[PDB]
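Trainee: Here you go, one structure.
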Amino acid sequence: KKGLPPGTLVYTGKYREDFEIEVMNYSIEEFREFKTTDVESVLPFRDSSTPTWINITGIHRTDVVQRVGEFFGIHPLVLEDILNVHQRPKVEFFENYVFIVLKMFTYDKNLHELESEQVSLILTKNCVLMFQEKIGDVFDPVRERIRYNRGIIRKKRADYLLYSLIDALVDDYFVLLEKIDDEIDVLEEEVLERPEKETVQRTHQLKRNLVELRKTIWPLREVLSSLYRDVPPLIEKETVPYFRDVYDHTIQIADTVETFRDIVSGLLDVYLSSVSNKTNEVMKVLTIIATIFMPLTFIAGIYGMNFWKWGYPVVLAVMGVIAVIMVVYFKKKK
Amino acid sequence: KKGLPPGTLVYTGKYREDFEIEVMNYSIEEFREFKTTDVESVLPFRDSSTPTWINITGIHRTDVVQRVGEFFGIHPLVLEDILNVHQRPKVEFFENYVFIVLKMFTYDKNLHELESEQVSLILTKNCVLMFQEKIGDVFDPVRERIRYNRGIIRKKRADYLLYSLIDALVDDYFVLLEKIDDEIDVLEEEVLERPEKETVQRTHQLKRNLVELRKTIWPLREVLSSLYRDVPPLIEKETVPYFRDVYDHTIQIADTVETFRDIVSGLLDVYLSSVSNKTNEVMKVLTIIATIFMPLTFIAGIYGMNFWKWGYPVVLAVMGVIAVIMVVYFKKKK
Amino acid sequence: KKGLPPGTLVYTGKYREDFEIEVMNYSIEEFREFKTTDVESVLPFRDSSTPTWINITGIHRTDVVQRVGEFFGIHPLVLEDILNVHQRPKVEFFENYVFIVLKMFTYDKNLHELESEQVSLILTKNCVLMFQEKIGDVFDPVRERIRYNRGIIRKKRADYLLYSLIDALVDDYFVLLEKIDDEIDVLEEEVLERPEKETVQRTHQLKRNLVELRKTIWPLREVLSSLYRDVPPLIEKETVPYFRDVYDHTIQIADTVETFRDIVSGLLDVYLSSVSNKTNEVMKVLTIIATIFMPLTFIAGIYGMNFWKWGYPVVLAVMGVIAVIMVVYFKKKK
Amino acid sequence: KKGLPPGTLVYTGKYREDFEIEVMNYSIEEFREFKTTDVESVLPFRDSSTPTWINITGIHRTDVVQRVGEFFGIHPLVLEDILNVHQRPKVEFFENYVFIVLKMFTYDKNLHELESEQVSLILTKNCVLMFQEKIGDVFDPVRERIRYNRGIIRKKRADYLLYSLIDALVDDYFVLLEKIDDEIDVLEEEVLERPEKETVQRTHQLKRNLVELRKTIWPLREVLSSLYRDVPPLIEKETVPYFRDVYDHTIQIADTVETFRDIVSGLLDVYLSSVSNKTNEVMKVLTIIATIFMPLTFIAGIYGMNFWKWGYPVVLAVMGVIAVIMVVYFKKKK
Amino acid sequence: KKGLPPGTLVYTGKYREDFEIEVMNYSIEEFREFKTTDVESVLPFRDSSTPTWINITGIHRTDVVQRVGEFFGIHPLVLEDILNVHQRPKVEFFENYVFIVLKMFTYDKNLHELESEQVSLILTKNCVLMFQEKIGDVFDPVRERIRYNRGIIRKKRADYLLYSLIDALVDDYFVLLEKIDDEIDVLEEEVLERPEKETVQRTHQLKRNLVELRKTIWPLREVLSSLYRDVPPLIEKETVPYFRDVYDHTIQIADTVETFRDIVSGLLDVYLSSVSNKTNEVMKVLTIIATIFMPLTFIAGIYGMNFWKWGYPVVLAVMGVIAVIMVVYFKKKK
């Protein structure tokens with residue numbers, strides 16, 4: 001089911017398994033990280049001048065979110081939507097904090113199905129609050145840039161770090177689609193030249209799969225559309241243009257998914273075609289052999305009477321000619 | 001049946017049974033409630049210092065609705081659109097009172113097709129006038145929060161009471177959709193593997209019911225559209241943020257309804273794919289036992305002539321060989 | 001067959017039968033009504049202080065229309081579109097008069113097909129000029145309101161009179177949809193279960209009707225759209241609220257029509273399903289009796305050899321075994 | 001081919017046979033017309049204060065168009081867009097003249113498909129420069145209005161001359177669609193009751209043609225859209241109101257085209273229905289004579305044994321009873 | 001493999017074969033060109049007072065591109081999307097340099113499916129920086145115009161040279177469409193009257209290839225829509241109108257691809273009719289020879305009784321009578 005209260009902290013998902021707090025504070029020269037299971041050890045990062053990313057992996061522990069929320073000054077309505085996993089990826093704007101909800105898919109090969117967790121992000125002063133349902137993600141390459149000063153992540157502010165985690169999750173969508181395209185191509189070829197039972201079963205799954213994505217990606221476009229024109233954390237022409245490379249990344253997917261659904265729309269029709277092509281050929285064999293073997297067992301049936309003479313190389317000779325008379329007629333359709 | 005007069009008080013619904021006036025007045029410290037059949041006793045509540053929730057259930061009583069409209073100061077054209085329950089969910093903005101028309105869906109499981117009542121809301125000064133068609137609703141959580149002081153409902157003003165009732169009403173659609181989801185997931189799956197008579201029947205009703213739903217949800221989103229950028233009795237940064245967690249809740253439902261229709265649209269094309277191959281499976285059996293058994297019923301037919309000697313293990317030997325030649329020939333289509 | 005002149009007065013319609021000029025002049029207290037064929041007797045009303053409604057039934061009298069225009073002050077371009085019955089319902093806001101083109105459908109039960117007369121309206125100073133193609137209209141209740149002092153038609157000015165008629169015309173469309181709904185709600189039931197010759201025909205005609213209805217209601221809503229954010233003669237806070245109830249009524253219709261088209265769209269798809277299964281109903285009986293009786297007409301055909309002895313109950317015993325072997329095999333499809 | 005040059009005068013049309021220049025100059029009481037092959041005899045009509053309609057029929061003569069453009073001061077890009085006939089119907093607003101591209105369709109009756117020529121219209125000081133590819137245009141009624149001095153064509157200025165032609169060009173489309181309506185009204189009838197081989201050959205040509213028009217009419221509507229809210233040469237109190245009845249006329253066309261395409265849309269699906277029902281009619285016949293005459297040819301097959309005696313009217317009595325038993329079973333599907 | 005780094009420089013295509021730098025510098029009377037394998041030699045062109053076209057064919061050399069970037073002050077984020085060939089055709093606007101990404105199509109005739117290379121363009125001061133993947137392009141007519149001094153390419157500025165290359169590209173899409181046109185116009189025919197196995201194969205591929213085009217031309221028009229109401233380097237009344245004939249052309253393309261997509265849309269609905277019809281032709285032959293011959297193989301079967309006397313011409317007379325009855329009965333279906 002769903003929820004019924006007015007605005008309380010309740011988890012909706014199904015990852016009541018893991019709990020970690022992977023914080024990675026870093027400036028221009030120094031960086032420190034630690035993976036703890038205590039909130040009192042990570043809260044003081046609030047008024048820290050050094051850019052800090054606070055990852056909480058295991059949002060089943062409600063009280064922890066409430067503890068982090070009441071301290072940072074997050075309004076009740078927002079903290080709820082962090083735990084409510086069936087929410088529409090959105091962008092909420094307030095006076096002192098920016099709130100963003102995102103999704104992260106993980107697809108299984110061969111067996112068709114995809115399940116996702118809700119990655120919640122919040123930007124305040126110099127902090128990036130991250131929220132996951134389960135352990136393990138696709139933020140590993142972002143961690144790598146922090147750990148060994150790769151690129152320019154160390155040089156930049158906190159909102160860049162946000163935009164670094166966003167671009168990396170959008171990068172995962174690329175890989176996701178890149179994994180889907182290879183899964184369509186050959187399996188879509190086996191629709192025309194290998195049509196049977198589960199061939200349709202696997203198709204309806206893809207439509208559902210594609211709808212699943214487009215309904216999650218469609219608002220992702222407007223997510224970045226509202227963040228391009230207003231810019232509350234400003235620092236304009238360094239973060240904003242970097243954001244276009246992420247917007248070009250999101251608009252890319254938008255039309256890329258419409259490409260798959262557009263093809264799979266007319267893909268189910270192709271099935272009936274290659275099946276109807278074999279409907280007629282099974283109708284052909286059945287008709288020819290009834291067209292010629294039916295009159296000949298009929299002329300043998302009346303000959304099978306037993307209550308004029310002549311015929312063995314007389315009737316069975318015209319029986320051989322009439323058999324050829326019907327074969328020639330059967331090449332005005334082949 | 002439809003209307004004809006210029007704009008009088010006529011009830012078009014078919015619930016002329018129940019009638020009970022329920023009023024719930026509360027402040028930050030006190031709480032009072034009662035259930036009566038007299039309208040004169042609920043009138044002085046118009047100019048109350050403390051927020052008041054006036055629930056008038058069973059509006060088939062024409063003059064009773066009129067009595068409230070005359071006292072509170074509600075324009076006659078609106079009082080018509082309350083008794084007329086076939087209206088499109090809309091939001092009217094007046095200088096004094098706020099008017100909202102909403103729907104409440106009661107869905108019957110297994111046996112398909114749905115019926116709905118019209119919940120009309122009016123917000124003036126510090127009162128919320130609620131108009132229902134029949135006894136029994138989904139606003140019990142609101143009642144439960146007033147009665148035992150749960151959440152923050154007591155602390156806030158009169159407009160929050162409106163938004164509290166709206167949150168409970170919108171949360172019903174979640175369950176409504178969640179019930180339709182479980183009435184498709186296990187029924188759509190059985191469309192391909194178990195296709196029969198009532199399989200096409202209940203398929204078309206879903207198509208009807210989804211359209212019935214989307215044409216009521218589509219304006220229901222727009223009900224909140226004007227209820228965002230205008231907001232006359234504002235109290236801004238208290239109701240507006242709470243509103244957004246209902247606007248993102250109404251969009252979620254709206255787009256989830258689109259997820260439903262899109263799958264059901266091309267669902268009937270899948271049905272023909274489940275038949276096409278099961279038409280050809282009946283074709284393969286009908287052609288084989290006519291292409292192997294027609295030439296052998298013909299050879300026995302010509303051997304039935306009774307007007308060369310030799311064969312019993314000579315002719316049946318070749319009739320068996322020719323029968324095997326057809327087995328090899330029927331393995332270029334499997 | 002259409003028009004080619006620069007812009008004069010040619011009646012393109014098909015009702016070249018009747019001609020009557022009905023006039024209803026009323027105030028807050030007095031009321032008069034008279035019917036005449038003399039055009040000279042109905043023109044003095046142009047400068048009348050009291051509101052008046054002039055019905056010009058049967059516009060096939062080209063010269064009569066020319067007389068009214070040159071007197072009331074009607075630009076020839078506007079006069080032309082009135083006799084041009086193949087017009088897109090529109091609203092012209094000329095500096096001194098309001099011009100509105102409309103449509104009125106009368107439906108035939110059982111035997112489908114629809115036809116319309118173009119009801120044109122003009123508001124200037126204190127008079128409403130009405131135009132019809134034939135005798136008979138849906139404006140009977142309006143007359144009943146003026147004659148018997150019903151509602152608030154006597155008390156108001158001349159623009160309300162215009163909106164009274166428009167309210168009546170829209171209310172006609174409400175019954176039309178219900179009549180069409182009742183010609184689908186019960187006819188749809190026999191589309192799936194009684195599949196015959198004309199069953200396909202009516203689907204096409206309803207699709208034709210709904211399009212011939214769509215492209216008349218789609219602009220009809222936009223007629224009021226421009227008539228919403230403008231109104232030159234105005235009296236806003238006394239007309240705008242009234243008019244709105246009609247704009248909510250037309251937007252109800254606009255959606256209602258799209259509701260029908262949406263159902264009837266994939267209604268023909270259902271028809272092939274009501275055939276594919278019914279083809280396989282017959283495919284069963286045809287295959288059964290040739291799969292069990294074809295080897296048995298073959299084993300008895302080879303026993304038709306006359307040129308082993310043994311059995312009457314020796315072969316008929318295996319004939320009963322081989323027959324049952326095909327009865328067991330035919331329960332992997334049922 | 002299309003082209004490789006930057007912006008030169010190249011003719012990609014295929015009507016290199018005719019060459020005539022027709023000029024009509026008038027004021028209000030006088031008018032002159034002459035057909036000449038010289039361009040130096042028509043150039044001095046640029047500085048003519050009285051309205052001049054210069055028509056250049058057969059633009060294949062490259063340099064002939066250039067001489068007009070060089071003298072009247074036409075910019076290179078437009079000059080090419082006169083000879084390049086594939087151009088998308090557009091309207092160009094420049095500093096000293098108004099340019100308009102319009103298509104004229106010639107429809108072939110019975111035998112389908114249609115070809116087209118490009119008409120170019122340039123409006124300068126007091127001239128309307130017309131361009132054509134072949135002798136044959138729907139501008140005759142305009143000529144006849146000038147010749148016998150009909151309507152009000154004389155009284156007005158130059159831009160009215162441009163609008164007159166356009167109004168007479170739009171009227172051709174009313175007839176053009178009228179010729180398509182009938183090509184559907186009569187042929188679409190015999191689609192459901194005359195299923196041949198080349199029936200689909202013509203149906204597909206409507207799906208080619210209805211696209212051919214809507215790609216030309218779509219810009220046409222918008223060609224007037226911009227010609228509504230702009231109008232540089234002004235005299236709007238007689239030109240703009242006249243324009244409106246050409247704009248509604250161009251909307252009437254656009255709306256009717258998409259009325260046709262929607263009926264033709266689900267038309268082909270109707271064809272499969274009339275085939276699937278007639279597949280059942282043949283399925284009904286093919287089963288009976290194999291459901292009754294397959295077991296009866298079998299009982300005579302077991303009586304084909306010749307290696308009990310009893311009856312002739314005893315066996316044929318049970319052969320006749322079993323046969324009528326199957327006649328009763330065949331009344332559970334009809 | 002897709003991208004994972006932050007915003008560095010990596011080639012993503014497949015053509016890591018060639019490397020050529022081609023520079024064309026000119027003015028009113030002068031012209032220069034050369035092919036160098038050294039990058040340092042094409043650097044001082046940035047500050048040339050004369051317009052220059054710098055082509056860097058073979059971008060895979062990351063260092064070469066990086067060298068040009070840091071020299072021209074091109075921001076890394078833009079430089080990425082140059083080597084990142086898997087992008088959306090977009091237009092960027094900076095104060096000093098203008099950037100444009102445009103796809104270029106190469107099509108193989110008869111044997112379907114196509115391949116593309118990304119052409120990057122950077123305009124700054126008086127230079128146009130082109131970025132091809134492989135040797136061979138569509139910029140030949142331009143090179144012809146620069147050397148021989150054809151047209152007005154010499155007389156205009158640097159931005160015109162960018163526009164001269166753009167029109168040369170938009171023109172190639174006309175050639176691409178023309179090929180695909182005849183790859184459909186004649187191939188569409190031979191699907192109805194020539195139905196085969198691989199015929200459905202290429203039908204689906206052109207469904208995809210239309211998406212590949214339209215989902216690349218759709219934003220290729222937006223490239224010019226943004227490049228219309230902007231004009232940073234301007235040169236106004238010279239380039240502004242020139243652009244429009246490149247905009248009108250790219251509109252034509254968009255209106256041409258949608259045309260195919262609308263015809264090829266329901267092209268497979270025709271194919272099921274090509275089956276459905278010839279299914280029933282085969283159904284007619286299968287029924288007749290079982291409707292005339294089956295009741296006569298039954299009479300001859302019961303006449304094959306061996307356990308009345310009379311006729312050879314008494315039975316074969318009624319055999320002929322019944323055979324005729326079935327012939328007359330088959331004239332209610334032809």
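Within each chain, counting starts at residue 1; across the structure tokens, chains are named A, B, ... in the order shown, with ligands numbered 1 upward in that order.
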As a PyMOL selection string, could you give me every residue of chain D near chain C (at most 7 Å apart, counting only C-alpha atoms)?
Mentor: chain D and resi 151+168+171+174-175+242+252+259+263+273+276+280+283-284+287+290-291+294-295+298+301-302+304-307
Trainee: Restricting it to N, CA, C and O atoms, dump the selection as an mmCIF file, in the first residue's frame.
Mentor:
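Here's the written file part31.cif:
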data_model
loop_
_atom_site.group_PDB
_atom_site.id
_atom_site.type_symbol
_atom_site.label_atom_id
_atom_site.label_comp_id
_atom_site.auth_asym_id
_atom_site.auth_seq_id
_atom_site.Cartn_x
_atom_site.Cartn_y
_atom_site.Cartn_z
ATOM 1 N N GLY D 151 -18.403 43.346 -58.304
ATOM 2 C CA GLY D 151 -18.090 43.491 -56.885
ATOM 3 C C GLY D 151 -17.603 44.872 -56.494
ATOM 4 O O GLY D 151 -18.274 45.875 -56.747
ATOM 5 N N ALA D 168 -9.413 33.931 -54.157
ATOM 6 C CA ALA D 168 -9.823 33.096 -55.288
ATOM 7 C C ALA D 168 -8.971 31.832 -55.425
ATOM 8 O O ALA D 168 -9.378 30.876 -56.091
ATOM 9 N N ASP D 171 -10.405 29.349 -52.619
ATOM 10 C CA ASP D 171 -11.665 28.745 -53.065
ATOM 11 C C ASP D 171 -11.455 27.475 -53.896
ATOM 12 O O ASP D 171 -12.312 26.589 -53.910
ATOM 13 N N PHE D 174 -11.338 24.580 -51.569
ATOM 14 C CA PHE D 174 -12.677 24.159 -51.151
ATOM 15 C C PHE D 174 -13.214 23.113 -52.116
ATOM 16 O O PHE D 174 -13.884 22.167 -51.707
ATOM 17 N N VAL D 175 -12.912 23.301 -53.399
ATOM 18 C CA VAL D 175 -13.327 22.383 -54.455
ATOM 19 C C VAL D 175 -12.378 21.182 -54.501
ATOM 20 O O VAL D 175 -12.802 20.054 -54.762
ATOM 21 N N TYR D 242 -11.147 41.870 -44.500
ATOM 22 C CA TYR D 242 -11.272 41.041 -45.697
ATOM 23 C C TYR D 242 -10.373 39.813 -45.558
ATOM 24 O O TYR D 242 -10.726 38.717 -45.997
ATOM 25 N N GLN D 252 -10.636 26.506 -42.111
ATOM 26 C CA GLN D 252 -11.669 25.544 -42.495
ATOM 27 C C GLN D 252 -11.065 24.405 -43.315
ATOM 28 O O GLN D 252 -11.457 23.249 -43.162
ATOM 29 N N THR D 259 -9.650 15.961 -40.739
ATOM 30 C CA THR D 259 -10.932 15.291 -40.530
ATOM 31 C C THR D 259 -10.941 14.086 -41.466
ATOM 32 O O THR D 259 -11.468 13.023 -41.134
ATOM 33 N N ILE D 263 -10.338 9.615 -40.586
ATOM 34 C CA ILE D 263 -11.270 8.601 -41.084
ATOM 35 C C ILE D 263 -10.508 7.589 -41.940
ATOM 36 O O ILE D 263 -10.819 6.400 -41.935
ATOM 37 N N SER D 273 -11.171 -6.490 -41.025
ATOM 38 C CA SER D 273 -12.391 -6.972 -40.382
ATOM 39 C C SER D 273 -13.320 -7.660 -41.377
ATOM 40 O O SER D 273 -13.882 -8.714 -41.078
ATOM 41 N N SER D 276 -11.548 -10.946 -42.204
ATOM 42 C CA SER D 276 -11.601 -11.897 -41.091
ATOM 43 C C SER D 276 -12.992 -12.507 -40.893
ATOM 44 O O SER D 276 -13.103 -13.658 -40.470
ATOM 45 N N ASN D 280 -14.121 -16.471 -41.641
ATOM 46 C CA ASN D 280 -15.037 -17.270 -40.823
ATOM 47 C C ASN D 280 -16.147 -17.918 -41.643
ATOM 48 O O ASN D 280 -16.541 -19.050 -41.362
ATOM 49 N N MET D 283 -14.495 -20.657 -43.148
ATOM 50 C CA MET D 283 -14.185 -21.594 -42.067
ATOM 51 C C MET D 283 -15.429 -22.356 -41.618
ATOM 52 O O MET D 283 -15.335 -23.519 -41.229
ATOM 53 N N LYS D 284 -16.587 -21.697 -41.680
ATOM 54 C CA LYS D 284 -17.866 -22.329 -41.347
ATOM 55 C C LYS D 284 -18.257 -23.399 -42.368
ATOM 56 O O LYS D 284 -18.794 -24.444 -42.002
ATOM 57 N N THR D 287 -15.621 -26.615 -42.483
ATOM 58 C CA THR D 287 -15.724 -27.543 -41.357
ATOM 59 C C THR D 287 -16.924 -28.495 -41.479
ATOM 60 O O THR D 287 -16.774 -29.692 -41.256
ATOM 61 N N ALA D 290 -16.670 -31.567 -43.503
ATOM 62 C CA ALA D 290 -15.547 -32.357 -43.004
ATOM 63 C C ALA D 290 -15.854 -32.799 -41.574
ATOM 64 O O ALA D 290 -15.098 -33.590 -40.961
ATOM 65 N N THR D 291 -16.965 -32.263 -41.045
ATOM 66 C CA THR D 291 -17.433 -32.617 -39.711
ATOM 67 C C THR D 291 -18.566 -33.628 -39.839
ATOM 68 O O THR D 291 -18.824 -34.414 -38.924
ATOM 69 N N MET D 294 -16.793 -36.393 -43.090
ATOM 70 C CA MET D 294 -15.510 -37.021 -42.766
ATOM 71 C C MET D 294 -15.748 -38.283 -41.925
ATOM 72 O O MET D 294 -15.061 -39.287 -42.121
ATOM 73 N N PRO D 295 -16.691 -38.226 -40.953
ATOM 74 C CA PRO D 295 -17.030 -39.444 -40.220
ATOM 75 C C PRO D 295 -17.935 -40.375 -41.037
ATOM 76 O O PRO D 295 -17.933 -41.586 -40.804
ATOM 77 N N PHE D 298 -15.918 -42.332 -43.405
ATOM 78 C CA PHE D 298 -15.178 -43.275 -42.563
ATOM 79 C C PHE D 298 -15.980 -44.548 -42.287
ATOM 80 O O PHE D 298 -15.420 -45.647 -42.314
ATOM 81 N N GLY D 301 -15.954 -46.467 -45.129
ATOM 82 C CA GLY D 301 -14.583 -46.949 -45.281
ATOM 83 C C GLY D 301 -14.384 -48.250 -44.528
ATOM 84 O O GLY D 301 -13.646 -49.126 -44.983
ATOM 85 N N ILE D 302 -15.036 -48.370 -43.368
ATOM 86 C CA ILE D 302 -14.990 -49.612 -42.589
ATOM 87 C C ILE D 302 -15.912 -50.653 -43.229
ATOM 88 O O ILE D 302 -15.775 -51.851 -42.980
ATOM 89 N N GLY D 304 -15.788 -50.877 -46.304
ATOM 90 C CA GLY D 304 -14.947 -51.122 -47.470
ATOM 91 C C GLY D 304 -14.125 -52.381 -47.248
ATOM 92 O O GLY D 304 -13.337 -52.774 -48.112
ATOM 93 N N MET D 305 -14.304 -52.998 -46.076
ATOM 94 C CA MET D 305 -13.649 -54.261 -45.715
ATOM 95 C C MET D 305 -14.267 -55.392 -46.537
ATOM 96 O O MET D 305 -15.496 -55.513 -46.610
ATOM 97 N N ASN D 306 -13.427 -56.221 -47.155
ATOM 98 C CA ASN D 306 -13.926 -57.270 -48.055
ATOM 99 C C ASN D 306 -13.286 -58.661 -47.932
ATOM 100 O O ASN D 306 -13.627 -59.571 -48.697
ATOM 101 N N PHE D 307 -12.376 -58.820 -46.974
ATOM 102 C CA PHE D 307 -11.691 -60.095 -46.740
ATOM 103 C C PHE D 307 -12.663 -61.163 -46.238
ATOM 104 O O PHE D 307 -13.142 -61.997 -47.004
#
Trainee: Need to verify the contact set: residue 29 in chain C, 10 Å, only C-alpha atoms, exclusion of same-chain residues closer than 6 positions in sequence. Can you return it as a list in words?
Mentor: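 Close residues of residue 29 in chain C: residues 149, 154 and 155 of chain C.
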Trainee: Any idea what's packed within 10 Å of residue 28 in chain B, counting only C-alpha atoms, ignoring anything in its chain fewer than 2 positions away? Could you give it as a ChimeraX atom specification?
Mentor: /B:26,30-31,50-51,149,152-157
Trainee: Give the strand (DSSP E or B) residues of range 52-125 of chain B, as assigned by DSSP on the backbone, as a ChimeraX atom specification.
Mentor: /B:52-57,91-93,97-107,114-124
Trainee: What does the distance between CA of residue 238 in chain A and CA of residue 93 in chain E come to in Å, to one decimal place?
Mentor: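 Computing it gives 14.6 Å between the two atoms.
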Trainee: Mind checking DSSP for range 96-253 of chain E and telling me the alpha helix (DSSP H) residues as a PyMOL selection string?
Mentor: chain E and resi 140-147+158-185+189-192+197-226+236-253
Trainee: Contacts of range 96-111 of chain A at 7 Å or less, counting only C-alpha atoms, minus same-chain residues fewer than 4 places along, as a ChimeraX atom specification?
Mentor: /A:89-92,115-124
Trainee: Excluding residue 127 in chain E and any residue of its chain fewer than 3 positions from it, enumerate the residues within 9 Å of it, using only C-alpha atoms, and give them as number ranges by chain.
Mentor: E: 25, 45-48, 50-54, 122-124, 158-159, 161-162
Trainee: What separation in Å, quoted to one decimal, exists between CA of residue 244 in chain A and CA of residue 221 in chain A?
Mentor: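 Computing the Euclidean distance for CA of residue 244 in chain A and CA of residue 221 in chain A yields 11.7 Å.
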Trainee: One number please: CA of residue 142 in chain A to CA of residue 166 in chain A, in Å, one decimal.
Mentor: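 Pair CA of residue 142 in chain A / CA of residue 166 in chain A returns 10.1 Å.
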Trainee: Range 187-190 of chain E: which residues within 9 Å, counting only C-alpha atoms, same-chain residues fewer than 3 positions away excluded, as a count of residues only?
Mentor: 10
Trainee: Can you pull out every residue within 9 Å of residue 243 in chain E, counting only C-alpha atoms, but drop anything in the same chain fewer than 6 positions away, and send it as a VMD selection string?
Mentor: chain E and resid 163 167 224 227 to 228
Trainee: I need the residues from that last selection saved to file as a short mmCIF file (atom, residue, chain, number, x, y, z; two decimals), in the first residue's frame (with N, CA and C atoms), if you can.
Mentor:
data_model
loop_
_atom_site.label_atom_id
_atom_site.label_comp_id
_atom_site.auth_asym_id
_atom_site.auth_seq_id
_atom_site.Cartn_x
_atom_site.Cartn_y
_atom_site.Cartn_z
N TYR E 163 28.45 30.24 -42.63
CA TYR E 163 27.13 30.07 -43.25
C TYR E 163 27.18 29.39 -44.60
N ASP E 167 25.05 25.94 -45.26
CA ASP E 167 24.13 25.74 -46.39
C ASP E 167 24.58 24.54 -47.22
N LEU E 224 19.15 26.18 -35.90
CA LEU E 224 18.91 27.42 -36.63
C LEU E 224 17.83 28.31 -36.00
N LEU E 227 19.64 30.29 -33.67
CA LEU E 227 20.58 31.09 -34.45
C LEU E 227 19.85 32.10 -35.34
N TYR E 228 18.62 32.44 -34.96
CA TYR E 228 17.81 33.40 -35.71
C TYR E 228 17.51 34.68 -34.91
#
Trainee: C:223, C:322, C:128, C:135: which is nearest residue 19 in chain C, counting only C-alpha atoms?
Mentor: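 Smallest distance to residue 19 in chain C is found for C:135.
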